[PDB]
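Breakdown of the fold
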Amino acid sequence: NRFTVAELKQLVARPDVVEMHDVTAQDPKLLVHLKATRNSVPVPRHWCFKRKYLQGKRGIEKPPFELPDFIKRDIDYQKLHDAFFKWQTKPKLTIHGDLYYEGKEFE
Amino acid sequence: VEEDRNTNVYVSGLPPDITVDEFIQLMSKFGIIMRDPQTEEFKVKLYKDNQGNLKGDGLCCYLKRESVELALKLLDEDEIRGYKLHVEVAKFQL
Amino acid sequence: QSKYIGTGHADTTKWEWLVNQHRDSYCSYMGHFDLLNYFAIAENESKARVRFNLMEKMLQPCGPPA
Amino acid sequence: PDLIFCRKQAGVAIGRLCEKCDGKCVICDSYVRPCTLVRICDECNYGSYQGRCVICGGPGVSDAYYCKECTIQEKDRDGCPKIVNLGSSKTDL
Amino acid sequence: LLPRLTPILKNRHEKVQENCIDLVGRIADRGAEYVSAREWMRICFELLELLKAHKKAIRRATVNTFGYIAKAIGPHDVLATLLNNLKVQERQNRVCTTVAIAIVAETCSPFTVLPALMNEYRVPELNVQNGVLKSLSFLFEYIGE
RNA sequence: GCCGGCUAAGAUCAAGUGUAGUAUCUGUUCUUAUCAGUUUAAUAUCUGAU
Ligand SMILES: [Zn+2]
Ligand SMILES: [Zn+2]
């Protein structure tokens, strides 16, 4: 009672980001058009996974939070603000749409 | 064997007219509770805290060692209604 | 009346979404000044003309199954 | 623990609060940096409702405000912020 | 006057405590030293339980006095005391202590509690990092602009 | 977690404890099977026959 995975993937003008589970929605053409946004961000990888992205790799083996050197390298007068607010390092992380996956750090 | 990380605090210089509720209130300032079997320990008098008032010493326990260290560093010579009291780790007493 | 008018919910049809889209996109046209003095320069019509056109288009725009 | 509100036409009535529920906002429920004053509807100050707390629902001791984190979010522009629900209705103990 | 006014703050009277809080605050207003560090630390530990009283006047006076108290005592000492106080005073009045940490952020520069509280997250405890996050919440909620 | 697997990967029934609320623990079964309908993004589940 709906377009097949090939008919709903060929009628659209951008099947490069087509999904098998997306073809069974109520409006496959509308979802395909919305997914064809310029620089949007799709749904995360935990849409169908039933592990909650934390039960599978529950054995995390890494430090909790490494002390950044932007602030670590009377408490201090001429070096506290001169090392944290002066010798600060810019945190270089993802820019726009790097949605966190289950692991997202090990791979 | 174990030297540091002690959870036993010895409070000395307490008046004999003190009670257990006041000791619990003073211990709550740096801890939460040590009522493992029923409750927490108290001062040891001559006749098991029955005839005498107190043998100038009281024992206090805490859940963590950092809290006990902070209490010993801050509650040193704390002034209670009768007098000033000192805090120690062991003091060669109990 | 004014509970949540302006957006559907979990099974909102695409047509009923675009209808609210246009119906709330013209109010920013009849009320806003830059987007109303800019459309009267393209269509080359007065403010009242373009405003009445946009108001009459609010009956059932986007392509109505009426 | 999802509290409900009146959310009617915000009249020209100022807000209030109890001696214990005076600091926190009627919606944000926070004591941090009150920004604007809360209001009520016509059915919030009428006879017995004169001078009642918007959170405690009893005596008023001050004016009901909103939190700065709740007024910048345009939450104060909603209806009557009176905390009333099926349990906290007019016929309540 | 400091040791004489110290037990007065322990009273349960509403107006009496409200006046004593402002008195202790103004005591450290102009000169503000006038004390041993242990006495100021004990006064702060006693007033930390009154930061969430029923009367909002006492809650405002406590925050108005604790700022000057922490500015006169010192950033590191007050920060360490508040951090050690996080584990004690179980979660019925614990959050107020976190607010006191925010008071330090409102009383001192941002790098007075940021680098000291950052090392409090390296501990692998669950309800230690949890408390650190619960404190950073109120910190960024009351730090302002 | 260890060097694809060793059934700690999921759903579900009965009872106990307890909160303002969330919950926590013990004992099961798990269709090893097929078709039709409901339903699920797909499983699952349930409804009937064999
Ligand atoms: Zn109230
Ligand atoms: Zn109302």
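Residues numbered from 1 in each chain as written, not as in the entry; some residues may be left out. Chains lettered and ligands numbered in written order. Part of a larger assembly, values for the part shown. Heavy atoms only, no water. Residues with missing side-chain atoms left out of burial classes, pairs and counts.

Looking at the method and resolution fields of the entry, one finds cryo-EM and 4.1 Å.

**Considerations on the sheet that holds strand β2 (residues 57–61) of chain B**
Sheet strands line up and pair through hydrogen bonds in the backbone, either parallel or antiparallel. One open sheet accounts for 4 strands, arranged β2-β1-β4-β3 (chain B); its pairing is antiparallel. Across the chains shown, the open sheet's two edge strands, defined by having one partner strand only, are β2 and β3 (78–79) of chain B. (Pairing = 2+ DSSP bridges. Helix = DSSP H or I, 4+ residues; strand = E, 2+ residues; numbered from the N terminus.)

**What about the environment of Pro75 of chain E?**
Relative to the elements of secondary structure, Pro75 of chain E occurs in helix α5 (residues 75–84). In the structure, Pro75 of chain E is positioned 34 residues away from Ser109 of chain E in sequence and 9.1 Å away in space, judged by C-alpha atoms. Setting aside anything within four residues of it in sequence, one finds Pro75 of chain E in contact with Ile75 of chain A together with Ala70 and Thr112 of chain E. (Contact = heavy atoms within 4.5 Å.)

**Re unusual backbone geometry**
Its identity as a non-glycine residue notwithstanding, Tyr53 of chain A has a phi of 65°, on the positive side. You can see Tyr53 of chain A is positioned in the loop between α2 (28–35) and α3 (69–72). Despite not being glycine, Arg5 of chain B has its phi angle at roughly 60°, a positive value. The residue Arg5 of chain B is located in the segment before β1 (8–12) in this model.

**With respect to the packing of helix α6 (residues 94–107) of chain E against helix α8 (residues 126–142) of chain E**
Residue and element names in this part refer to chain E. It is the contact of α6 with α8, at a shortest axis distance of 9 Å, that shows an interaxial angle of 45°. Between α6 and α8, the angle falls in the class oblique. Seen from above, α6 lies across α8 with right-handed handedness. Residues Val95, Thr98, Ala102 and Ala105 of α6 lie in contact with α8, whose contacting residues are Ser135, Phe138 and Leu139. Tallied by class, the residues present in the contact of α6 with α8 amount to 5 nonpolar, 2 polar and no charged. (Axes fitted to C-alpha atoms, helices over the stretch in contact; angles between N-to-C directions. Parallel < 35°, antiparallel > 145°, perpendicular 65-115°, else oblique. Left-handed = near helix turned anticlockwise from the far one by under 90°. Nonpolar A, V, L, I, M, F, W, Y, C, P; charged D, E, K, R; others polar.)

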